[PDB]
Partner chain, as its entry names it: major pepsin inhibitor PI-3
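First, one chain by itself in structure tokens, the form solved without its partner chain.
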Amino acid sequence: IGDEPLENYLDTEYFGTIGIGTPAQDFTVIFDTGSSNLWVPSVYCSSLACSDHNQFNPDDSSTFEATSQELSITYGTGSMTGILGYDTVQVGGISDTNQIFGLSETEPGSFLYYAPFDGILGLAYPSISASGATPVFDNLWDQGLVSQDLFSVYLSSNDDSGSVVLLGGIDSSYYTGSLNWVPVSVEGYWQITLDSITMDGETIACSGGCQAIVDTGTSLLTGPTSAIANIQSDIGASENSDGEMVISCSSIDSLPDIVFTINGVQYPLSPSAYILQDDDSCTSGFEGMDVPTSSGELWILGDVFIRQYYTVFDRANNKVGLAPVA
């Protein structure tokens, strides 16, 4: 059972420390269940985002094995160009050997520059892995470094400590009730079939069923522009002087619960969960973002949601187990 602590940064981003090479060079990376590749900056990249963070140095690693493969990835936030190579990665107490990861050469963009993390570590299916690059967890399994072919995730709240990624294991102390399993509709992302999104009994979106993915790499609960407008209007969201979705803080106590129905079970969201705030202003936890797929306009169960529900990713039964957090 592997244990990997995640640092909660402003309830918006969750990263952790991994080590690469011999000796081990440290990097903070985001554990993305919406990605499948692992990559960190390197001394070959001269971009501003790279000079801005830790750069991996091949020359100072004795267990490093170079490759002749180009790598490229485009995220909803930024892009990256690199090269591939083998070395030992250390994730949550485990020595992930012969692991193939990427070395940036170009991390263009403003976003990667202000980000606090050096890189990203994908936990999704190898299907969506650029360059056919064997993802980390898949490599941990193949080499029998984890007892079970699954892992669970727990995210803290209110900038707290405790966020953890359990590799090859489940831990009852994080949840209450019984885990309700949900089958994965399409293997690539951790995609699932939503049945509806209601509020006060009336269906306010995804009426008739729709697709969604459980993404830890996204802060807000995302959905098609169209549908989110309605939702926003229902909770009281408004476009202010700074292009943001704000709502009268005090309205929280008033506002009702928005319910998500997954696989026939009801998983509600408290006005305290789908509404982010500080001791100043309260922002809407929702964000409209069209994500075209062969199936349709995709929904994204981001951090807003995952904070309320301990989540298990079962690569053996290809399911997603959920249960209200502890």
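Positions refer to the first chain, counted from 1.
Another form, the form solved in complex with its partner chain, is not on view; read the next lines as being about it.
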| query | finding |
| --- | --- |
| Close approach of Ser284 to its partner chain in the entry with it bound, 4.5 Å, heavy atom | no |
| Interface membership of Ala227, its partner chain in the entry with it bound, 4.5 Å heavy atom rule | no |
| is_contact(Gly144, its partner chain) in the entry with it bound, heavy atom dist at most 4.5 Å | no |
| Touches its partner chain in the entry with it bound: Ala130 (any heavy atom, 4.5 Å) | yes |
| In the entry with it bound, the residue from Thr193, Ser196, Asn180, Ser79 that sits within 4.5 Å of its partner chain by heavy atoms | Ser79 |
| In the entry with it bound, the one of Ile30, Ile300, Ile275, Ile258 near its partner chain [non-hydrogen atom within 4.5 angstroms] | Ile300 |
| Candidate site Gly34, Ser110 and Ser294: all three near its partner chain in the entry with it bound by heavy atom within 4.5 Å | yes |
| Per-stretch contact check against its partner chain in the entry with it bound, the hit in 247-255, 211-219, 171-179, 227-235 (non-hydrogen atom, 4.5 angstroms) | 211-219 |
| Members of 69-90 lying within 4.5 angstroms of its partner chain, judged by heavy atom, in the entry with it bound | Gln69, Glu70, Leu71, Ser72, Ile73, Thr74, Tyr75, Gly76, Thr77, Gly78, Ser79, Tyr86 |
